[PDB]
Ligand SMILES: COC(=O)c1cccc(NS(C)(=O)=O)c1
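The data below hold one chain only, encoded as structure tokens and taken in the form deposited without this ligand.
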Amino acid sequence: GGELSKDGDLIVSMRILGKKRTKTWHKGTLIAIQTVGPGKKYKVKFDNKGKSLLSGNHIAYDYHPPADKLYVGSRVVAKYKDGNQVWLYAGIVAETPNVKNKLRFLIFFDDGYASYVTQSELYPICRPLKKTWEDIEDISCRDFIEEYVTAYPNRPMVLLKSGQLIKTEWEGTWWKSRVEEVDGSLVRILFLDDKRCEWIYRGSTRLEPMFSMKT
């Protein structure tokens, strides 16, 4: 048949996080295990009342990892903050806590976003893929992460000082912009015409000095 009540520490009735077809993740109850095909799928009833039948890399434990289980390449779910709102989104651990990053984790989310995060804002995916980047759906992000992880600890970055004037790419074009803050391996950029800010990785090829170091 194929009706398990256990699979390792994945035990029906447990509480768990699950990835919804919106790409955000939500708490739920694991109500079933079904072998289908070569492997197993985990059925989540969400506290927000939907249901999904999910592969093991689209569920996560509802506890925070022990730092010192996480390493570069770890597949995680992490907290993103819209200000007051909090959301849960998948990503990759690009750095672990050190002195120069103020003992935080650098997360590269599957939509290309990047941010520093605490141990209490993380959740370990339950059954990640051997090559953990291989379930990143945006091809351009998967590739940046495969390159990054495979080259690590090689990590080219341009240096930047507050105030510095550079061009930063966005939606295919280059924009007059300004370096308005440095935090570790991230830099905050002000797009001038339009007044947006965002945090960008300093090894990112959207920064012109880094685009031009490399070509």
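So that there is no doubt, residue numbering starts at 1 and follows the sequence shown.
What comes next is about the form solved in complex with this ligand, which is not displayed.
Chemist: Does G112 make contact with this ligand in the deposited complex, using a 4.5 Å heavy atom cut-off?
Modeler: Yes, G112 lies within 4.5 Å of this ligand in the deposited complex.
Chemist: Counting only non-hydrogen atoms and a 4.5 angstroms cut-off, does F105 reach this ligand in the deposited complex?
Modeler: No.
Chemist: Indicate whether this ligand has at least one heavy atom within 4.5 Å of a heavy atom of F144 in the deposited complex.
Modeler: So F144 counts as contacting this ligand.
Chemist: Counting only non-hydrogen atoms and a 4.5 angstroms cut-off, does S140 reach this ligand in the deposited complex?
Modeler: Within the cut-off, so yes.
Chemist: Which residues within 177-196 place at least one heavy atom within 4.5 Å of this ligand in the deposited complex?
Modeler: Going through 177-196 in order - heavy atoms within 4.5 Å of this ligand in the deposited complex - there are no hits.
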